[PDB]
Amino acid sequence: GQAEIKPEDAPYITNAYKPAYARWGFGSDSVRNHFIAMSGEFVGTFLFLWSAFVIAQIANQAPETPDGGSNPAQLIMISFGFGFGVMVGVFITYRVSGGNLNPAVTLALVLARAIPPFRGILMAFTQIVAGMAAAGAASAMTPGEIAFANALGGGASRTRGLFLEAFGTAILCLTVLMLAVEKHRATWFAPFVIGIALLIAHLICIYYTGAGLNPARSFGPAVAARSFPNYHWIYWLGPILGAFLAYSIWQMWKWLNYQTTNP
């Protein structure tokens, strides 16, 4: 009553498709392993953010919408660039670094003790450098003035923008926690769900905040544009609050042993 697995096909069963941080135990603090993790975060964050920056540049060449109105097709395009861009980046780098590609996601995972603090700082630094490189590349590669930096819009105040950014980032981070960090038959598929979470968070936030949801995404274009709005802090504090909210929900479920009827 077992189905035969041919020896040439055993790798597709034995080689689990799991985030790299699930297997960062003893031995992980070598220079080699720190470099692997940094290289995954650099490559992944660069390709995700470069892609999404060029896509936003293009989408923002659409004719202006009167009276401050929204442009649904434009918003869909930009959300695809970030949502599908992160999906591809995370699928590529999942077994390299785990594909965080976002200092707020790394923060949630350090709070959850999925990633130790020093490795987490290395990853976050890498993501921010990658975002600076992506912004510089996207600027160099496109004509016109930079149109992919974050700014308030749509009549949103700074306070509203802070809360939009926090709850959007929370959705993203809770997705990573429940699909990638939690170990089950759907862990392999987490990069898909993470990408859809980011897609959604962009449909919520682009019109009002530009959609930061990721300090590395917001910092790099500000550097490249040589321009920091005085409300730039919302793109740091909002995602940090969202990481903590997501962690807090996950932690409650872990204390409750959520997945088991009779612990």
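The first residue of the shown sequence is 1; numbering continues from there.
* Asked: Which of the two stretches, 201 to 209 or 59 to 67, shows the higher mean Cα temperature factor in the record?
  -> Comparing averages over the C-alpha atoms only gives 59 to 67.
* Asked: Do the CA atoms of 224 to 232 or those of 190 to 198 have the higher mean B-factor in the entry?
  -> If you average the C-alpha B-factors of 224 to 232 and of 190 to 198, the larger mean comes out for 224 to 232.
* Asked: Which one, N102, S139, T175, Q74, has the peak C-alpha temperature factor per the PDB entry?
  -> Of the options given, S139 has the highest CA B-factor in the PDB entry.
* Asked: Where does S218 sit by CA temperature factor within its chain: lowest, middle or highest third?
  -> Middle third.
* Using the B-factors in the PDB entry, rank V86's C-alpha atom against the chain and give the third, lowest, middle or highest. => Its C-alpha B-factor, which the entry lists for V86, ranks in the lowest third among residues of this chain.
* To do: Tell me, lowest, middle or highest third: where does the Cα B factor of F48 rank within its chain?
  => Bottom third by C-alpha B-factor.
* By its CA B factor, does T126 count among the lowest, middle or highest third of the modelled residues in the chain? -> Within its chain, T126 is a middle-third residue by C-alpha B-factor, going by the deposited values.
* **Lowest, middle or highest third - CA B-factor, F163** => Highest third of the chain for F163's C-alpha B-factor.
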